[PDB]
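Below: one structure, written as structure tokens.
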Amino acid sequence: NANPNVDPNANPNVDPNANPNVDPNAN
Amino acid sequence: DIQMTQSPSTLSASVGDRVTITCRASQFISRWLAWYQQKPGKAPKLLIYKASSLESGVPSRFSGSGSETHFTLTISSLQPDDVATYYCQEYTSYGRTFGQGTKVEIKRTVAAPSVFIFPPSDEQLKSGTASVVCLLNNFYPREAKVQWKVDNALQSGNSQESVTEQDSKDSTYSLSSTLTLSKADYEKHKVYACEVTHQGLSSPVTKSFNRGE
Amino acid sequence: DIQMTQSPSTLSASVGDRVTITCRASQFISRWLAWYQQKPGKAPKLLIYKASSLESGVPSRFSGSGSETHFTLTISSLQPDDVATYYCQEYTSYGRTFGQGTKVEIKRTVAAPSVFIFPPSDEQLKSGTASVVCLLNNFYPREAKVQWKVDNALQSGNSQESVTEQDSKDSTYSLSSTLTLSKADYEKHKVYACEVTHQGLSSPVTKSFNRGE
Amino acid sequence: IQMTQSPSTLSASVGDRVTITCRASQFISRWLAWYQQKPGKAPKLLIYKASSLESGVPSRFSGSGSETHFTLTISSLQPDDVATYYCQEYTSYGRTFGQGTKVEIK
Amino acid sequence: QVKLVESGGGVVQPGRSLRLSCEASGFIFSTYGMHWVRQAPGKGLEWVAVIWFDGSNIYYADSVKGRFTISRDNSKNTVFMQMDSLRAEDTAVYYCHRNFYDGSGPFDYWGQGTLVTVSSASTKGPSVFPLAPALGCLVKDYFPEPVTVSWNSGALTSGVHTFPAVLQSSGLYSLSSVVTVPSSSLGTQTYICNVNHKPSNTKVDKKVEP
Amino acid sequence: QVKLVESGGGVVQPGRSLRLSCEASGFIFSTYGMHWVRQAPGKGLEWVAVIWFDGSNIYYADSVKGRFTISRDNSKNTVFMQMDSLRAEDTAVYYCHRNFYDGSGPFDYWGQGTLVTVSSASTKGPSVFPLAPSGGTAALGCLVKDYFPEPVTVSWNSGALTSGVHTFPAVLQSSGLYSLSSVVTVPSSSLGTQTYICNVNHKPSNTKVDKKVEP
Amino acid sequence: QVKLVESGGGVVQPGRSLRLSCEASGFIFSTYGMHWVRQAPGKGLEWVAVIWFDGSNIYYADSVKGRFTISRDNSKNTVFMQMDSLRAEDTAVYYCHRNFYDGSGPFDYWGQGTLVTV
């Protein structure tokens, strides 16, 4: 889980946690 | 473990408008809510998801709700396909949590009941147990009281009542009261009476039965 | 620190057209932007987040695009109820940063101003300060000039003017020009006037009056 | 790293379930992307991380797979969506493309 | 199309065990899961258990843990559910629930519903009695639910009232029906109080006369 | 639901302390931070300070650093703001802001705003004068003058007449007192009309004054 | 904004070192790196080379290991490519590529290609 293309960081104002009943590709 | 509570369990509109149901939750459920609808008994049917999104095929039921812990559903005028029972639902993980349920009725006006009484049948007398019925027909609203007199003596604990579901044509309820007793005690008494009281009737009405006639 | 700029300071378009506003930044902020909107005398409202998406309840005639260091917002078919001020925003840390603000107004045909002049009253004369006011109504566009003459002499540095917001019915402006002085100057002279010039009128309009009548 | 794609030809009418295989060389992580190229143009990214869908794309595409086996599936064909499809791996510093899969006609 | 069916259910002596089976015809069980939701007679809905597609994510309700279980056989898309040590207040109607939100819109599918009634009794046919002169019909001392009662084989189905069944303290059910009748409908063609009981084939028709 | 309320605004002389307070009702403050946003009387929005829950990460603006303080009371969901050494340039409207994003969408909430002003002047009541209207439709006006601080509310005929009315924005005179005028267009021959009254209303000092205008 | 523009090239004879430039038209080049990729007619795309900002990994392709020479240029953002000992099967169209993934999505910015024929 370490590549030189992916930027390791996070945005404190948004939390990523998808709902299992919903796919993450919802518009 | 997310407890939910709903608006008062009954409501009436009289083909009015601006009917609101309120659903309250605990903790932080973000915005994941769904509203169902079950007619007396078939199966639930889905109306709104994500707390504001009209389903495909459902008629115009305006419903704007908030986030965090407060949700509301509005009706916007009520035809006659909206007598039912509405449930909340959450979906934030593996599992669900339903609400209690809220009914809707319809009001037209005050009405007067019709009172009738049926004597026991001879075959049922041969069976060893006798049963007498007081029938009250076409009265509104549901609240009513009946009293059984056996030779001018009040009774309790040996009678039961049954009421149907509000009719879709004249919107009135019907009531049946059944009183059961042994044959030996039945032969020891001759005069019987069912007396009813209601807001529609100015005075209580008593119907009497006397054995042997 | 990060500084954000909006290129067009003010806009002007007719109904049913296309308008674009461009937001430029320094450094690198990825795809983090949000466009606000403020109507006069109220609190702002969120319109677009993540520079491409849309919040619920917003009409679908708004759009936005861009990436890295150049963003833009496009509005098509401008209805006459979206006249407001729009701000950028960027949320990439524990802290926000706003823009400067672009204003949007409406265009129409030119108008001919109406001019009135009011002499001072006695109650203010008693106090010791006299004010002379003249008023312009129903003119377009904003740019206009009013000058003050006292006894055929030009004055400067002692007059103030105020303009109202554009109306939502006729889309015309209004202007008030006030001149303040002490009483001694008031009874020293006899003749007063304010002259108005504009694009609409063919020749400058003179309005004047004399003290004591 | 040598990769390969089996279905070098396609034969399906307007509206059909199609599958494409993207067999890999060794056990890489979930680092794979799919490119689509139409004639006389420049390639365009379709899906990354072997699962995501990327913004501004029709929902009729769907990729899946992990470990060493990766696939792609489309619900229909549509005359608009006939082109060539390449596989890419974007781990480490260098890239490595694969072979083409021409959507044949008649 | 897409449909679901449930098997099993019925009547059980308190204690013992059962097995409810859900079969889904119309799709393939490959993503997400399936739930069991029950409804008591004349009360609200409540959740029971969930299963994911492959082998995991088994969660139960609050007062159903310890007992019960869930399982999925391989190959064919079957959902089994084993219950044991059933006391009272667990008699209800069970459904099979499938739900997920995706793409254009939601996808929810419900089942027909299986009836389970726990009782320390046995099957018994009804007893029919008439009412003297509208006119009334009374059925008593039958088990278990439900019973279908009608007049004239549906020829006369206007102005008919059938009150909900009432559970007697003894352990047997009873109810009654009544049909409004014109003032002087003397010499009527026929009046048949047809009754039908599903668990026991006891089709009985009776007559009423003043 | 959720709705924020802030209080503590008003007037202050140039260079003493002042304390604001913003409190909420509807949620429990244990998720993210809270921001203060100030708007100048006629300019664009600006950002001041942010406080995280269980305040650890504290960040101020650039032109406000040093003379401000912000803190959270660790009992209730109330955030404070203590201002020292005010200058004549800090006169604005202060909001209370809270937003965050989640996989379901955005969440944003704003306060209402309490005006804060600094100067060296006392509180006074407005003075009201008429404008005599004295061929075509006429116009008549009502002039208020030397009132402090803002705002004042004017209405004609107790709101009965609300057509053809204009109320120009208030302006600041050199001495430090406000003045404005309000005008109404009137038909040519509305002679002997029912009643024309100047209903004025000042909140900081209760000085409700009604006057009449005649030719 | 980023808009890669490729220039420099034309008709050549067997054996030469004509220059190739990929001067950018927006932003800067202090982040990650930049690649080269070719396509010959009647074939798919293939890898060429990768260069990061300043001295870094310069890993080459499979047919041309340790034979090409590619370098950056401090300031005035550009990447310079130099080949020698040209063969005949090196006629193609060359592109310019820059890819990097972030917590908001991808970034492609595919360049434009130019023709080279022996």
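A note on labels: chains of the structure tokens are A, B, ... as shown, every chain counts residues from 1, and ligands are counted from 1 in their shown order.
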Using only C-alpha atoms, which residues sit within 10 Å of residue G:16 once same-chain residues fewer than 3 positions away are excluded, as a VMD selection string? chain G and resid 12 to 13 19 82 to 86 118
Determine, for each residue of chain D having at least one atom at most 12 Å from an atom of chain E, the closest pair of atoms and their separation in Å to one decimal, counting only C-alpha atoms; order by chain and ascending number, as a Markdown table.
| residue | atom | partner | partner_atom | distance |
| --- | --- | --- | --- | --- |
| D:58 | CA | E:103 | CA | 11.2 |
| D:59 | CA | E:103 | CA | 8.1 |
| D:60 | CA | E:103 | CA | 10.2 |
Mind dumping the selected residues with N, CA and C atoms as a PDB file, in the first residue's frame?
ATOM      1  N   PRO D  58     -20.590   6.886 -18.755  1.00  0.00           N
ATOM      2  CA  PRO D  58     -21.808   6.071 -18.700  1.00  0.00           C
ATOM      3  C   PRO D  58     -21.643   4.894 -17.753  1.00  0.00           C
ATOM      4  N   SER D  59     -22.753   4.498 -17.135  1.00  0.00           N
ATOM      5  CA  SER D  59     -22.754   3.438 -16.136  1.00  0.00           C
ATOM      6  C   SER D  59     -22.832   2.043 -16.741  1.00  0.00           C
ATOM      7  N   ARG D  60     -22.819   1.924 -18.067  1.00  0.00           N
ATOM      8  CA  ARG D  60     -22.972   0.631 -18.717  1.00  0.00           C
ATOM      9  C   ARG D  60     -21.714  -0.226 -18.664  1.00  0.00           C
TER      10      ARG D  60
END
Strand (DSSP E or B) per DSSP on the backbone: members of chain A, as a PyMOL selection string: chain A and resi 6+14-15+22
Can you pull out the residues contacting residue F:127? Cut-off 7 Å, using only C-alpha atoms, and skip same-chain residues under 2 positions away; I want them as a list in words.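 Here the answer would be residues 125, 129, 144, 145 and 146 of chain F.
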Contact set, chain A to chain D: 7 Å, only C-alpha atoms, as a PyMOL selection string: chain A and resi 3-4+25
I need the residues from that last selection saved to file as a PDB file, in the first residue's frame (with C-alpha atoms), if you can.
ATOM      1  CA  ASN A   3       3.075   3.904  -4.542  1.00  0.00           C
ATOM      2  CA  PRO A   4       4.810   7.070  -5.782  1.00  0.00           C
ATOM      3  CA  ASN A  25     -20.523   4.754  -7.616  1.00  0.00           C
TER       4      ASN A  25
END
Expected answer as number ranges by chain: alpha helix (DSSP H) residues in chain B: B: 122-127, 183-187
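The spacing separating atom CA of residue B:168 from atom CA of residue B:136 amounts to 18.3 Å.
Interatomic distance, atom CA of residue B:104 against atom CA of residue B:25: 22.1 Å.
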Between atom CA of residue B:132 and atom CA of residue E:154, what is the distance, to one decimal in Å?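 Atom CA of residue E:154 lies 27.5 Å from atom CA of residue B:132.
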Residues of chain B within 8 Å of chain E, only C-alpha atoms counted, as a PyMOL selection string: chain B and resi 43+55+94-101+118-121+123-124+162-164+176
Save out the residues we just selected, N, CA and C atoms, as a PDB file, in the first residue's frame.
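Result written to again.pdb:
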ATOM      1  N   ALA B  43     -48.892  -6.298   2.145  1.00  0.00           N
ATOM      2  CA  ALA B  43     -47.441  -6.234   2.256  1.00  0.00           C
ATOM      3  C   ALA B  43     -47.033  -4.765   2.253  1.00  0.00           C
ATOM      4  N   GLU B  55     -40.565   8.074  -5.360  1.00  0.00           N
ATOM      5  CA  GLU B  55     -40.360   6.820  -6.065  1.00  0.00           C
ATOM      6  C   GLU B  55     -40.957   6.901  -7.472  1.00  0.00           C
ATOM      7  N   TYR B  94     -25.495  -3.152   8.406  1.00  0.00           N
ATOM      8  CA  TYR B  94     -26.173  -4.436   8.248  1.00  0.00           C
ATOM      9  C   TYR B  94     -27.311  -4.508   9.258  1.00  0.00           C
ATOM     10  N   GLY B  95     -28.538  -4.318   8.789  1.00  0.00           N
ATOM     11  CA  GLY B  95     -29.711  -4.379   9.632  1.00  0.00           C
ATOM     12  C   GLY B  95     -30.628  -3.198   9.407  1.00  0.00           C
ATOM     13  N   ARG B  96     -31.790  -3.266  10.048  1.00  0.00           N
ATOM     14  CA  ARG B  96     -32.812  -2.236   9.937  1.00  0.00           C
ATOM     15  C   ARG B  96     -33.383  -1.975  11.326  1.00  0.00           C
ATOM     16  N   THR B  97     -34.248  -0.967  11.425  1.00  0.00           N
ATOM     17  CA  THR B  97     -34.941  -0.672  12.679  1.00  0.00           C
ATOM     18  C   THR B  97     -36.225   0.067  12.335  1.00  0.00           C
ATOM     19  N   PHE B  98     -37.361  -0.603  12.491  1.00  0.00           N
ATOM     20  CA  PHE B  98     -38.643  -0.042  12.096  1.00  0.00           C
ATOM     21  C   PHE B  98     -39.212   0.852  13.197  1.00  0.00           C
ATOM     22  N   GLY B  99     -40.209   1.654  12.823  1.00  0.00           N
ATOM     23  CA  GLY B  99     -40.940   2.474  13.762  1.00  0.00           C
ATOM     24  C   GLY B  99     -42.186   1.777  14.280  1.00  0.00           C
ATOM     25  N   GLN B 100     -43.018   2.551  14.978  1.00  0.00           N
ATOM     26  CA  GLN B 100     -44.237   1.992  15.554  1.00  0.00           C
ATOM     27  C   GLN B 100     -45.360   1.912  14.526  1.00  0.00           C
ATOM     28  N   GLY B 101     -45.784   3.054  14.001  1.00  0.00           N
ATOM     29  CA  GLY B 101     -46.850   3.092  13.014  1.00  0.00           C
ATOM     30  C   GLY B 101     -47.896   4.138  13.339  1.00  0.00           C
ATOM     31  N   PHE B 118     -80.240 -10.729  19.625  1.00  0.00           N
ATOM     32  CA  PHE B 118     -80.602 -12.057  19.133  1.00  0.00           C
ATOM     33  C   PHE B 118     -80.717 -13.051  20.280  1.00  0.00           C
ATOM     34  N   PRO B 119     -81.844 -13.745  20.421  1.00  0.00           N
ATOM     35  CA  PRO B 119     -81.966 -14.784  21.450  1.00  0.00           C
ATOM     36  C   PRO B 119     -81.145 -16.006  21.084  1.00  0.00           C
ATOM     37  N   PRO B 120     -80.776 -16.830  22.064  1.00  0.00           N
ATOM     38  CA  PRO B 120     -79.970 -18.019  21.760  1.00  0.00           C
ATOM     39  C   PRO B 120     -80.743 -19.029  20.927  1.00  0.00           C
ATOM     40  N   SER B 121     -80.001 -19.798  20.135  1.00  0.00           N
ATOM     41  CA  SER B 121     -80.591 -20.826  19.292  1.00  0.00           C
ATOM     42  C   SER B 121     -80.768 -22.125  20.071  1.00  0.00           C
ATOM     43  N   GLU B 123     -80.423 -25.282  19.184  1.00  0.00           N
ATOM     44  CA  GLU B 123     -79.326 -26.237  19.062  1.00  0.00           C
ATOM     45  C   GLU B 123     -78.175 -25.863  19.984  1.00  0.00           C
ATOM     46  N   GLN B 124     -77.868 -24.568  20.083  1.00  0.00           N
ATOM     47  CA  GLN B 124     -76.826 -24.133  21.004  1.00  0.00           C
ATOM     48  C   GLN B 124     -77.239 -24.357  22.454  1.00  0.00           C
ATOM     49  N   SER B 162     -66.416  -6.776  19.481  1.00  0.00           N
ATOM     50  CA  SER B 162     -65.652  -6.787  18.243  1.00  0.00           C
ATOM     51  C   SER B 162     -66.118  -5.643  17.358  1.00  0.00           C
ATOM     52  N   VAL B 163     -65.165  -4.949  16.743  1.00  0.00           N
ATOM     53  CA  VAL B 163     -65.437  -3.806  15.879  1.00  0.00           C
ATOM     54  C   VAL B 163     -64.651  -3.981  14.588  1.00  0.00           C
ATOM     55  N   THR B 164     -65.302  -3.715  13.458  1.00  0.00           N
ATOM     56  CA  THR B 164     -64.675  -3.890  12.158  1.00  0.00           C
ATOM     57  C   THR B 164     -63.770  -2.706  11.830  1.00  0.00           C
ATOM     58  N   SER B 176     -70.217  -5.622  17.610  1.00  0.00           N
ATOM     59  CA  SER B 176     -70.918  -6.821  18.047  1.00  0.00           C
ATOM     60  C   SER B 176     -70.479  -7.157  19.462  1.00  0.00           C
TER      61      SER B 176
END
Taking only C-alpha atoms into account, what are the residues of chain D at most 9 Å from chain G, put as a PDB file with N, CA, C and O atoms, in the first residue's frame?
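Result written to selection28.pdb:
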ATOM      1  N   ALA D  42      -7.245  10.178 -29.465  1.00  0.00           N
ATOM      2  CA  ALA D  42      -6.336   9.918 -28.362  1.00  0.00           C
ATOM      3  C   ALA D  42      -7.031   9.085 -27.292  1.00  0.00           C
ATOM      4  O   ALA D  42      -8.244   9.209 -27.098  1.00  0.00           O
ATOM      5  N   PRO D  43      -6.295   8.233 -26.583  1.00  0.00           N
ATOM      6  CA  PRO D  43      -6.930   7.340 -25.608  1.00  0.00           C
ATOM      7  C   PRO D  43      -7.589   8.102 -24.469  1.00  0.00           C
ATOM      8  O   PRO D  43      -7.325   9.283 -24.231  1.00  0.00           O
ATOM      9  N   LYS D  44      -8.474   7.401 -23.767  1.00  0.00           N
ATOM     10  CA  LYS D  44      -9.232   7.964 -22.660  1.00  0.00           C
ATOM     11  C   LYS D  44      -9.369   6.928 -21.553  1.00  0.00           C
ATOM     12  O   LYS D  44      -9.714   5.774 -21.814  1.00  0.00           O
ATOM     13  N   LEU D  45      -9.096   7.347 -20.320  1.00  0.00           N
ATOM     14  CA  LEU D  45      -9.190   6.448 -19.178  1.00  0.00           C
ATOM     15  C   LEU D  45     -10.644   6.096 -18.896  1.00  0.00           C
ATOM     16  O   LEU D  45     -11.539   6.932 -19.039  1.00  0.00           O
ATOM     17  N   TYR D  48     -10.150   2.851 -12.977  1.00  0.00           N
ATOM     18  CA  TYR D  48      -8.903   2.735 -12.238  1.00  0.00           C
ATOM     19  C   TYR D  48      -9.160   1.978 -10.942  1.00  0.00           C
ATOM     20  O   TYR D  48     -10.304   1.818 -10.513  1.00  0.00           O
ATOM     21  N   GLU D  54     -14.901   6.383 -12.212  1.00  0.00           N
ATOM     22  CA  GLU D  54     -14.429   7.677 -12.700  1.00  0.00           C
ATOM     23  C   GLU D  54     -15.586   8.545 -13.192  1.00  0.00           C
ATOM     24  O   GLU D  54     -16.602   8.034 -13.671  1.00  0.00           O
ATOM     25  N   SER D  55     -15.446   9.862 -13.062  1.00  0.00           N
ATOM     26  CA  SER D  55     -16.566  10.775 -13.237  1.00  0.00           C
ATOM     27  C   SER D  55     -16.789  11.119 -14.707  1.00  0.00           C
ATOM     28  O   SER D  55     -15.863  11.146 -15.520  1.00  0.00           O
ATOM     29  N   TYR D  86      -7.320  -1.353 -24.042  1.00  0.00           N
ATOM     30  CA  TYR D  86      -6.001  -1.714 -23.546  1.00  0.00           C
ATOM     31  C   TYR D  86      -6.005  -1.771 -22.023  1.00  0.00           C
ATOM     32  O   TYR D  86      -6.776  -1.078 -21.352  1.00  0.00           O
ATOM     33  N   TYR D  93       7.312   2.895 -10.857  1.00  0.00           N
ATOM     34  CA  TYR D  93       7.539   4.132 -11.596  1.00  0.00           C
ATOM     35  C   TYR D  93       7.135   4.011 -13.061  1.00  0.00           C
ATOM     36  O   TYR D  93       6.623   4.972 -13.644  1.00  0.00           O
ATOM     37  N   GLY D  94       7.358   2.850 -13.675  1.00  0.00           N
ATOM     38  CA  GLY D  94       7.111   2.673 -15.088  1.00  0.00           C
ATOM     39  C   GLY D  94       5.771   2.028 -15.388  1.00  0.00           C
ATOM     40  O   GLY D  94       5.207   1.305 -14.571  1.00  0.00           O
ATOM     41  N   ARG D  95       5.266   2.302 -16.586  1.00  0.00           N
ATOM     42  CA  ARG D  95       4.008   1.751 -17.057  1.00  0.00           C
ATOM     43  C   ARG D  95       4.268   0.548 -17.962  1.00  0.00           C
ATOM     44  O   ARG D  95       5.405   0.269 -18.355  1.00  0.00           O
ATOM     45  N   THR D  96       3.203  -0.178 -18.297  1.00  0.00           N
ATOM     46  CA  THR D  96       3.299  -1.281 -19.244  1.00  0.00           C
ATOM     47  C   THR D  96       1.929  -1.590 -19.834  1.00  0.00           C
ATOM     48  O   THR D  96       1.035  -2.065 -19.128  1.00  0.00           O
ATOM     49  N   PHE D  97       1.752  -1.321 -21.125  1.00  0.00           N
ATOM     50  CA  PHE D  97       0.479  -1.572 -21.780  1.00  0.00           C
ATOM     51  C   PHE D  97       0.384  -3.040 -22.190  1.00  0.00           C
ATOM     52  O   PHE D  97       1.309  -3.830 -21.995  1.00  0.00           O
ATOM     53  N   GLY D  98      -0.754  -3.412 -22.768  1.00  0.00           N
ATOM     54  CA  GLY D  98      -0.961  -4.778 -23.208  1.00  0.00           C
ATOM     55  C   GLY D  98      -1.189  -4.884 -24.701  1.00  0.00           C
ATOM     56  O   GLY D  98      -0.527  -4.198 -25.485  1.00  0.00           O
ATOM     57  N   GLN D  99      -2.117  -5.742 -25.108  1.00  0.00           N
ATOM     58  CA  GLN D  99      -2.480  -5.893 -26.508  1.00  0.00           C
ATOM     59  C   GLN D  99      -3.909  -5.420 -26.740  1.00  0.00           C
ATOM     60  O   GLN D  99      -4.685  -5.211 -25.806  1.00  0.00           O
ATOM     61  N   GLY D 100      -4.255  -5.258 -28.014  1.00  0.00           N
ATOM     62  CA  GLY D 100      -5.543  -4.729 -28.394  1.00  0.00           C
ATOM     63  C   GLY D 100      -6.611  -5.798 -28.515  1.00  0.00           C
ATOM     64  O   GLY D 100      -6.326  -6.976 -28.711  1.00  0.00           O
TER      65      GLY D 100
END
For chain A, work out the contacting residues on chain C at 9 Å, counting only C-alpha atoms, and write them as a PyMOL selection string. chain C and resi 53+91-94
Which of these, C:154, C:2, C:106, C:193, has the shortest distance to residue C:172 once you count only C-alpha atoms?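 When distances to residue C:172 are compared using only C-alpha atoms, the smallest one comes from C:106.
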At most 7 Å to chain C: residues in chain F, only C-alpha atoms, as a ChimeraX atom specification: /F:44-47,50,131,168-169
Counting only C-alpha atoms, which residues of chain C come no farther than 7 Å from chain G, as a PyMOL selection string? chain C and resi 31+67-70
Can I get the selection written as a PDB file, in the first residue's frame, with N, CA and C atoms?
ATOM      1  N   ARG C  31      -9.272  19.322  -6.503  1.00  0.00           N
ATOM      2  CA  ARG C  31     -10.666  19.551  -6.884  1.00  0.00           C
ATOM      3  C   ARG C  31     -11.523  19.875  -5.659  1.00  0.00           C
ATOM      4  N   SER C  67     -10.217  22.395 -13.030  1.00  0.00           N
ATOM      5  CA  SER C  67      -9.395  21.538 -12.190  1.00  0.00           C
ATOM      6  C   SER C  67      -8.051  22.199 -11.938  1.00  0.00           C
ATOM      7  N   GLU C  68      -7.472  21.870 -10.784  1.00  0.00           N
ATOM      8  CA  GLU C  68      -6.141  22.290 -10.359  1.00  0.00           C
ATOM      9  C   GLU C  68      -6.067  23.776 -10.020  1.00  0.00           C
ATOM     10  N   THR C  69      -6.031  24.656 -11.025  1.00  0.00           N
ATOM     11  CA  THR C  69      -5.817  26.068 -10.723  1.00  0.00           C
ATOM     12  C   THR C  69      -6.670  26.989 -11.601  1.00  0.00           C
ATOM     13  N   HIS C  70      -7.849  26.539 -12.019  1.00  0.00           N
ATOM     14  CA  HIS C  70      -8.728  27.371 -12.841  1.00  0.00           C
ATOM     15  C   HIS C  70     -10.126  26.783 -12.798  1.00  0.00           C
TER      16      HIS C  70
END
